[PDB]
Ligand code: CLA
Ligand code: CLA
Ligand code: CLA
Ligand code: CLA
Ligand code: CLA
Ligand code: CLA
Ligand SMILES: CC1=C(/C=C/C(C)=C/C=C/C(C)=C/C=C/C=C(C)/C=C/C=C(C)/C=C/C2=C(C)CCCC2(C)C)C(C)(C)CCC1
Ligand SMILES: CC1=C(\C=C/C(C)=C/C=C/C(C)=C/C=C/C=C(C)/C=C/C=C(C)/C=C/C2=C(C)CCCC2(C)C)C(C)(C)CCC1
Ligand SMILES: CC1=C(C/C=C(\C)CCC[C@H](C)CCC[C@H](C)CCCC(C)C)C(=O)c2ccccc2C1=O
Ligand code: SF4
Ligand code: SF4
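Chains as they are written, first to last, in PDB author numbering: chain V, 69 to 133; chain X, 60 to 202; chain Y, 60 to 123; chain U, 2 to 81; chain S, 369 to 441; chain Z, 12 to 751; chain B, 47 to 150, 152 to 203; chain A, 516 to 588.
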């Protein structure tokens with residue numbers, strides 16, 4: 069009884085073609101979700117921005133930007 | 060030699076403990092080498108891949124992974140106890156090949172029964188330049 | 060008989076030899092008709108460490 | 002495997018076959034040297050290219066030459 | 369300007385090293401001495417020891433005295 | 012059974028073999044046809060195994076070699092004593108050790124070297140020394156330069172005696188092989204006699220000489236009016252006032268009343284607050300206990316009178332089931348192979364030198380040594396490097412024994428044969444643990460570097476962020492701090508101030524203060540464990556695979572030191588055990604360099620410094636806790652925050668340290684020519700130079716040849732080690748003298 | 047003599063040790079799913095993937111970049127563990143395509160003879176089924192490790 | 516100082532030229548190995564015989580010359 073549930077779990081993905089397609093689909097779906105919707109909901113510190121930081125540069129004068 | 064000898068599986072083996080240096084998976088999927096020698100008494104010899112073992116009084120059998128191990132053992136036996144051994148090659152399918160004494164008199168002798176192979180009658184350095192054999196598939200030394 | 064005198068200095072013109080354009084002393088010349096019957100001895104060793112080598116009749120000349 | 006070639010400069014000192022721990026070289030009768038011997042390499046495919054025969058060669062230049070290339074499971078000295 | 373100069377100088381050095389390497393490849397692979405006998409190429413190959421020795425002399429002299437004056441100062 | 016077997020006059024004393032430089036080897040006895048003959052002459056000079064196959068001649072040769080080395084060491088020690096007697100400010104340093112820098116080398120005013128004679132104080136100019144000889148000459152009671160002169164003359168006399176002893180014991184009366192094979196007599200005489208008698212003699216010298224001089228020295232008494240040690244030795248009245256136990260006069264010793272000697276044979280923990288070193292009474296009782304413990308240990312083995320222990324019986328008696336035969340043939344191995352004994356002795360000597368470095372940075376045994384940061388750092392680093400070199404040499408000579416002196420007939424199922432049998436398992440497990448240690452010791456550093464560079468210090472492996480607290484080391488520190496309370500109730504204080512709670516300070520500078528261990532200390536200690544595990548992996552793989560291997564089964568017939576077996580099997584370069592040791596030198600260099608960098612940074616950031624009324628300020632403001640978690644932090648705050656005095660040493664007394672620094676950079680960089688390159692290119696370049704010298708007939712009779720592949724590797728590793736050692740030496744000494 | 051090679055032959059490498067000759071170790075290794083020859087590759091793959099995907103969720107939740115964020119550390123750790131499980135499943139499928147494009152010619156030759164004809168694990172479609180079981184076990188174990196942080200009497 | 520570092524630059528150029536030129540001219544033949552042209556441009560060595568033939572090919576000459584080029588630039 070226990071083996072049957074997992075046998076039917078595997079039977080749809082038993083072929084290496086099927087499992088390669090499944091892992092490819094899940095990988096591209098998860099990567100596309102990340103950044104587009106994966107970021108800015110976890111408050112990832114790449115999609116937030118500065119407050120008022122680091123406009124000037126050059127400690128030896130000239131004061132670019 | 061006079062007649063090519065076939066190895067016997069009934070010959071005993073020298074007394075030896077478990078050594079991590081020895082046969083590997085290559086002995087199964089690919090060929091492996093078997094060395095055979097006849098001893099007059101029980102002596103102590105060093106294995107080319109392990110420690111020290113005591114050979115038996117009479118025929119002996121050693122299985123080694125490479126032909127270099129077999130010839131190192133052969134040279135050690137000939138230098139130490141003038142054993143004059145011989146080694147075979149057993150393939151994965153069971154084919155047994157005779158390697159070391161093809162003429163039975165060792166490569167040091169000639170026996171006047173073997174032909175010349177890969178011999179150039181020209182001098183070394185008289186080979187043509189690679190430009191002369193370019194796009195031909197043959198090296199200057201292969202001519 | 061067919062080569063240089065034994066003990067006479069000869070010059071080796073073999074290009075691939077270590078002693079090209081060098082002077083060696085003849086120690087023996089074979090009379091059995093072999094490929095390189097002239098045997099010479101050099102005072103300076105090669106990289107292999109030997110001091111004697113064999114050359115043909117056309118590879119040895121009298122040095123000036 | 003590798004290519005092992007013996008030239009006519011060999012004089013049959015039969016020590017190149019002793020220095021080779023793979024039984025690649027063999028001594029055949031000849032007539033171009035005083036010793037009436039010549040090195041031959043029937044089991045060339047068993048060679049690894051260790052150049053011990055070239056070390057043992059007394060002729061200048063070397064009578065036996067070993068050329069590397071086209072490595073195999075026996076030319077690479079692999080026990081696995 | 370510093371990055372541009374450093375980039376193009378390292379590129380030039382690597383390219384000159386490749387030039388000499390491929391010239392060596394020409395000399396070993398597809399050089400036919402009987403095709404051009406006695407020309408500038410065969411004559412340069414004839415006294416190659418002189419060229420190499422003089423390059424070694426000028427390099428050794430430059431390095432000896434440059435390091436000597438640098439260590440002295 | 013044990014007797015003195017000596018052969019008289021085996022070798023004539025003449026200069027016949029001095030005329031011909033190549034005489035020990037039959038290969039070098041012909042002549043120098045090639046230029047590699049000279050390198051083979053200077054390389055096979057002391058290799059006595061291939062000179063002759065007789066063990067007796069080898070034993071005599073190494074006996075007189077040890078005699079010559081002893082004479083050389085005595086000459087050097089006498090020279091140091093002479094330098095302290097003549098060109099030194101030792102008399103000035105005795106009256107003011109906390110303000111006058113030690114100096115024992117005086118340079119000549121010939122060319123610009125007058126700037127090297129720095130103002131070390133006391134009206135004296137010279138090189139500020141770093142060997143700590145002034146501290147040693149203050150520990151042993153030495154007041155005037157006359158006593159140093161006498162010590163130098165006695166050392167020269169003993170050096171001449173040792174050289175004459177070597178000449179006699181080789182050329183005149185050479186011992187036989189059975190004389191050297193008396194292992195039990197050698198062990199008894201070097202346990203009870205050498206070590207025990209020296210410990211007793213030094214204990215007596217400390218009790219009768221060093222204790223009163225040091226008791227008067229730290230009491231403010233000037234050394235001019237301090238009585239000479241012979242007055243203490245002869246007169247019991249003068250020694251009685253300083254130590255009242257001397258009034259009894261050896262009565263408590265024979266009556267077992269040793270508790271009466273608790274004034275000059277004390278058991279005290281910590282350091283003397285006046286000087287900063289260990290108490291001399293503690294050292295006296297220490298060396299007395301060591302003398303007793305070695306005198307009882309030197310009567311263990313059986314030599315001639317029935318009683319005692321047989322080493323062969325002891326070895327053959329210890330046999331446990333998972334080891335087959337246990338220690339069955341080791342007695343025959345160590346009584347017939349000089350190289351196995353050399354390996355064991357070199358390994359233990361190197362390890363004990365490491366112990367010496369650790370236990371004298373921890374507990375300074377000399378007065379005014381802890382405050383002298385330069386002497387302590389130099390001693391720690393020097394004995395660090397000597398121990399590492401001795402351990403690498405132990406691996407080398409073990410591999411040499413494995414190649415040459417090993418015989419498989421004597422040992423079949425002993426420990427050594429089973430070690431060769433499962434060598435692949437040992438090497439594989441050592442490789443696994445090496446890679447695991449490398450990852451979880453260096454990837455932590457790289458990760459901390461990244462999160463610092465990613466602006467995320469809260470993700471660090473640091474104390475402020477999530478941490479790896481060394482709980483075991485801190486628990487051992489707490490146990491040793493509380494050890495005098497319960498487990499050693501007769502100790503006055505803790506055995507060292509590494510784990511203590513008090514900050515001793517002499518002259519306003521911290522002698523020794525408690526050391527706090529944090530995440531960075533954990534990281535560096537595990538890096539040390541990784542580096543030592545990799546180095547021992549390399550050395551043990553070289554030792555184990557010296558005889559044979561799955562690649563080259565006939566590696567034993569190729570000798571110990573051979574360059575390669577050719578480009579076969581993909582290329583068997585550096586396959587010999589010698590090249591394994593050649594890589595081991597570099598790996599020990601890396602290990603000990605990181606170790607001494609850790610030592611210098613940890614001392615300068617958490618121990619060494621100047622004490623103030625408001626707290627204690629270190630040399631560097633505690634940067635090890637917050638900067639040793641990253642490689643960039645290590646770089647910027649140790650190799651760049653320091654070394655600013657080496658570059659700015661020009662025009663000052665330490666300019667020679669900057670010169671040594673840049674010359675060491677040169678020698679370290681010059682080594683990589685011999686390391687990356689091969690021999691064929693250099694041989695062809697030499698051929699071109701030979702053509703050039705042939706053109707105008709200046710060809711040398713000896714043919715110029717390139718250095719051998721093993722010779723080239725040896726030159727490369729030697730120049731690399733020399734450059735790195737001198738680089739660290741110059742940087743460390745200039746930093747610790749210009750600041751500390 | 048406790049130390050000896052297996053089956054009394056010394057020419058082999060691996061030798062019989064009390065680490066391996068202990069009955070507890072032998073029965074633990076024989077009863078592991080990877081060495082259960084009589085079971086289908088997908089079932090042992092399911093068990094192996096369940097165990098490995100359950101253990102892989104731990105370090106990602108505990109030491110993740112958002113470990114200080116309450117309520118989102120477990121989600122991020124579990125989805126990163128599931129992504130790692132998918133990466134290992136891709137590795138398993140690639141290894142099955144690689145190492146089993148040919149056909150084995153010999154059995155395993157177990158102790159005292161009695162060898163099975165062919166291990167179904169060592170085939171191409173057998174290893175594909177093993178990888179399928181591995182990834183099914185991996186996501187199911189990851190999902191179980193997530194909800195074990197959802198109901199909790201202690202810590203997570 | 517400009518003139519001294521210019522001489523250092525000339526030293527680097529001269530040494531790189533020396534090694535590259537020597538590798539190019541000895542690519543096909545040498546006194547240590549006359550038959551270098553038969554072994555290809557990029558081969559490891561000829562073995563431990565004849566004293567030792569490590570880095571004997573012109574490829575290794577280029578490989579050692581890249582270090583000198585990097586130092587010069
Ligand atoms: C910074 C380190 C360094 C230094 C100083 C050198 C120096 C040298 N190499 Mg180079 N080399 C190096 C690194 C270095 N190499 C590295 C890393 C590689 C890559 C493997 C190479 C690869 C290489 C090749 C391939 C070649 C050189 C060559 C040379 C020479 C060039 C000639 C010259 O400039 O005049 C001499 C330069 C000097 C710096 C002189 C150094 C000697 C001084 C005067 C001290 C002499 C001893 C002194 C008096 C003290 C005596 C006691 C002491 C010996 C104990 C010179 C000896 C060429 C050569 O030798 O042919 C001519 C050559 O073909 N090298
Ligand atoms: C090896 C180390 C050493 C040495 C050399 C000494 C030496 C000395 N100690 Mg010390 N001592 C030591 C260790 C040592 N001690 C240790 C470890 C302790 C334990 C803490 C002590 C504790 C101690 C105390 C408490 C006292 C001494 C005292 C003495 C002196 C008296 C000698 C004595 O009692 O025996 C000498 C007795 C002998 C039988 C020795 C015989 C030796 C003679 C010289 C033989 C000569 C024979 C010769 C061949 C014939 C004549 C030759 C002629 C031609 C010139 C002496 C200078 C006492 C002192 O200071 O008095 C002034 C004293 O009170 N010692
Ligand atoms: C446009 C100029 C040019 C051209 C047409 C060629 C063409 C050729 N050269 Mg030449 N060469 C050049 C420039 C050029 N090279 C330069 C600039 C150098 C100096 C660096 C060399 C040095 C050189 C040597 C020494 C040899 C050749 C060889 C060859 C042949 C094959 C090389 C090849 O593709 O292997 C493909 C090689 C690779 C795919 C390996 C790429 C690895 C690169 C080189 C290392 C880069 C470092 C690092 C990994 C980069 C990434 C950094 C990371 C942080 C991302 C071919 C005839 C070989 C030949 O003729 O065979 C006998 C040969 O022996 N050349
Ligand atoms: C108690 C007696 C005794 C003592 C003190 C020593 C002491 C020593 N022996 Mg040993 N040895 C002894 C008995 C003794 N031996 C016996 C009985 C044998 C034969 C079984 C040996 C066989 C032996 C060998 C084979 C070797 C030594 C060596 C050494 C030296 C080791 C180097 C060292 O640790 O630096 C300590 C250094 C010093 C303390 C410097 C001072 C050295 C003085 C001058 C030596 C005085 C001790 C001597 C025994 C006095 C009597 C000699 C007399 C004829 C004049 C050391 C001096 C090594 C060596 O050659 O060095 C000499 C060595 O290789 N020993
Ligand atoms: C207890 C000490 C000890 C003893 C008795 C021996 C004895 C021996 N060793 Mg061992 N060895 C030791 C320590 C020792 N070694 C240590 C510590 C190391 C690690 C570095 C080694 C590494 C080692 C190797 C790798 C080899 C030996 C070999 C040998 C043998 C001959 C050595 C020889 O002729 O050198 C000749 C002497 C020299 C070349 C002089 C040394 C000069 C060095 C290279 C440079 C020193 C520079 C100096 C530090 C600073 C000067 C700067 C400069 C500007 C002036 C002999 C059996 C060799 C052998 O064949 O064994 C049988 C061998 O291959 N040993
Ligand atoms: C600092 C320079 C350096 C470094 C880093 C290495 C690194 C290595 N050497 Mg080497 N070594 C060097 C110089 C160096 N070598 C030199 C100059 C010599 C000549 C004497 C040797 C001689 C030598 C010997 C003789 C031996 C080694 C061994 C090793 C290995 C040790 C494995 C380990 O524990 O470290 C852990 C691994 C590292 C430190 C590598 C960097 C890993 C960082 C932390 C990144 C982590 C992985 C990263 C996240 C993945 C990125 C993925 C990306 C591609 C997308 C490793 C491959 C030994 C070996 O084979 O293994 C024990 C060995 O036996 N080396
Ligand atoms: C107008 C003018 C002028 C002039 C100038 C001139 C005249 C210049 C020149 C320049 C030059 C004159 C340059 C040159 C350069 C060169 C080089 C850079 C080279 C290179 C080479 C190589 C790389 C090679 C290669 C090879 C080999 C190795 C072999 C064979 C092949 C080949 C050829 C490919 C003056 C100053 C008066 C003033 C101002 C203006
Ligand atoms: C540093 C030095 C020096 C100096 C000084 C000295 C070293 C001196 C001397 C010293 C000495 C001189 C020592 C020793 C002493 C003595 C002793 C150590 C003793 C002992 C004893 C014992 C052990 C025992 C005894 C006994 C008893 C108890 C009882 C009765 C019996 C008897 C007798 C047995 C010199 C210059 C030389 C050299 C260089 C270095
Ligand atoms: C440079 C180099 C050489 C060439 C080096 C040689 C031949 C040794 C040269 C030693 C010299 C001759 C010692 C003396 C140096 C000076 C002449 C001393 C000057 C002293 C002043 C007082 C004048 C090799 O032979 C070699 C071999 C294998 C691997 C790498 C290399 C390698 O890198
Ligand atoms: S390279 Fe080695 S294996 Fe090959 S023929 Fe020569 S000596 Fe024999
Ligand atoms: S490069 Fe040198 S060390 Fe390596 S196999 Fe060739 S000759 Fe030997």
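All C-beta atoms, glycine included, are put in the ideal place defined by N, C-alpha and C.
Interface flag, residue i vs chain X, CB-CB below 9 Å
{"i": "residue 52 of chain U", "result": "no"}
Where the alpha helix (DSSP H) containing residue i begins and where it ends
{"i": "residue 593 of chain Z", "result": "588-617"}
C-beta neighbour in chain U for residue i, strict 9 Å
{"i": "residue 543 of chain A", "result": "no"}
CB contact below 9 Å: residue i versus chain Z
{"i": "residue 47 of chain B", "result": "yes"}
{"i": "residue 135 of chain X", "result": "yes"}
Whole-Å CB distance - residue i paired with residue j, under 8 Å assumed
{"i": "residue 509 of chain Z", "j": "residue 146 of chain Z", "result": "About 20 Å separates the two Cβ atoms, so there is no contact after all."}
{"i": "residue 630 of chain Z", "j": "residue 554 of chain Z", "result": "Incorrect: roughly 42 Å between the Cβ atoms, too far for contact."}
Neighbour flag for residue i against chain Y, beta carbons, 9 Å
{"i": "residue 550 of chain A", "result": "yes"}
Limits of the unbroken beta strand (DSSP E) element including residue i
{"i": "residue 122 of chain X", "result": "117-123"}
{"i": "residue 29 of chain U", "result": "27-30"}
{"i": "residue 23 of chain Y", "result": "Here chain Y has residues from 60 to 123 only, and residue 23 of chain Y is not among them."}
Please determine if the segment 23-42 of chain U and the segment 555-572 of chain Z are in contact, where contact requires at least 3 C-beta pairs separated by less than 8 Å. No, they do not touch.
Quick one: any contact between the segment 404-412 of chain Z and the segment 340-354 of chain Z, if contact means 3 or more CB pairs under 8 Å? Three or more beta-carbon pairs drawn from the segment 404-412 of chain Z and the segment 340-354 of chain Z are found closer than 8 Å, and the two stretches are therefore classed as touching.
Of all the beta strand (DSSP E) runs that stay within the bounds of the segment 478-562 of chain Z, which reach a length of 3 or more residues? Secondary structure within the segment 478-562 of chain Z: the beta strand (DSSP E) runs of 3 or more consecutive residues, fully enclosed, are 515-517 and 520-523 (chain order).
Enumerated in chain order, which unbroken segments of the beta strand (DSSP E) with a length of 3 residues or greater are wholly contained in the segment 99-135 of chain Z? The qualifying runs are 114-116.
Say whether the segment 112-131 of chain Z touches the segment 150-161 of chain Z, bearing in mind that this needs 3 or more beta-carbon pairs closer than 8 Å, one atom from each stretch. By the criterion of at least three beta-carbon pairs nearer than 8 Å, the segment 112-131 of chain Z is not in contact with the segment 150-161 of chain Z.
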